[PDB]
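1. Just the structure for this:
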Amino acid sequence: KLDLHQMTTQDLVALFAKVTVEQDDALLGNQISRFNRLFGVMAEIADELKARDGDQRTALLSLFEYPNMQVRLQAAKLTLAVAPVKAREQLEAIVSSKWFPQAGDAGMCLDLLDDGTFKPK
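-> Numbering: from 1, shown residues only. And now the structure:
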């Protein structure tokens, strides 16, 4: 439950990538309590970026080339509202990569998107 209002948008992007790399690390190490807290932090970052003029979730698009599949997945999931075409394309690439478990998460996201009851953002 953090005040991130004072952080620059660039610092938020860098912290988003750091915490989502650590999500990936946590999952691999079965450190589930740590994963859950890192997820909450990540969500707070995305909410702060969304609250900024223009919807600054757009700044997470830079992370689609980040060398970590969890970072790429989360960045694509959290940009579906601001960049549906680009975000969908990245999720499709994650599915094509067959890199599990991120590819199954991306597959389910795309299934929900295709159903249409679920729409972001």
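2. tell me the contacts of the residue nearest the centre of the chain?
-> Geometric centre of the chain, nearest residue: residue 74, 1.9 Å, by CA atoms, centre = their mean. Residues near residue 74 by CB atoms under 8 Å, 6 or more residues apart in numbering: 16, 20, 23, 42. All C-beta atoms are positioned from the backbone trio N, CA, C, and that covers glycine.
3. Kindly reformat those residues as JSON lines and extend each row with secondary structure and neighbour count.
-> Output for the contacts of residue 74, formatted as JSON lines (DSSP: H, G, I helix; E, B strand; the rest coil; neighbours: other CB atoms under 10 Å):
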{"residue": "16", "secondary structure": "helix", "neighbour count": "27"}
{"residue": "20", "secondary structure": "helix", "neighbour count": "27"}
{"residue": "23", "secondary structure": "helix", "neighbour count": "24"}
{"residue": "42", "secondary structure": "helix", "neighbour count": "22"}
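4. from those residues, which is closest to residue 116?
-> When those are compared for distance to residue 116 (CB to CB), residue 42 comes out closest, at 26.0 Å.
5. Look up the closest residue to the closest one, ignoring the ones flanking it.
-> residue 19 (5.1 Å; CB to CB, 6 or more residues apart in numbering).
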